[PDB]
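Engineer: how would this look folded up:
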Amino acid sequence: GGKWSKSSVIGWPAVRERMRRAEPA
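Structural biologist: Numbering: from 1, shown residues only. The protein structure is shown below:
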């Protein structure tokens, strides 16, 4: 998805995977 937001694209998975935990609704 473009070699720009790459890093974000790679941290978001961790953010979602963090938030899921906190509120998995």
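Engineer: look up how far residue 3 lies from residue 17.
Structural biologist: 23 Å (C-beta to C-beta, to the nearest Å). Just so you know, the C-beta spots here come from the backbone N, C-alpha and C atoms, and that holds for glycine as well.
Engineer: which of the two has more residues huddled nearby?
Structural biologist: residue 17 (9 against 6; other C-beta atoms under 10 Å).
Engineer: what helix or strand does the more buried one sit in?
Structural biologist: Using DSSP states H and E, residue 17 sits within helix 6-22.
Engineer: alpha carbons of that helix, as CSV, please.
Structural biologist: Output in CSV follows, covering the C-alpha atoms of helix 6-22 (Å, rounded to 0.1, in the frame of the first residue of the first chain):
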residue,chain,number,x,y,z
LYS,A,6,4.5,1.6,5.7
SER,A,7,5.6,2.0,9.3
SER,A,8,2.1,3.1,10.3
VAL,A,9,0.7,0.2,8.5
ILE,A,10,3.0,-1.9,10.6
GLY,A,11,2.3,-0.3,14.0
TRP,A,12,-1.5,-0.1,13.5
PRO,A,13,-1.8,-3.9,13.6
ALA,A,14,-0.1,-3.5,17.0
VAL,A,15,-2.5,-0.7,18.0
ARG,A,16,-5.6,-2.7,16.9
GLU,A,17,-4.1,-5.7,18.5
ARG,A,18,-3.7,-3.6,21.7
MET,A,19,-7.1,-1.9,21.7
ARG,A,20,-8.9,-5.2,20.9
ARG,A,21,-7.7,-6.4,24.3
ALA,A,22,-8.8,-3.3,26.2
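Engineer: now do residue 3 against residue 23, distance only.
Structural biologist: Residue 3 is 32 Å from residue 23, by C-beta to C-beta.
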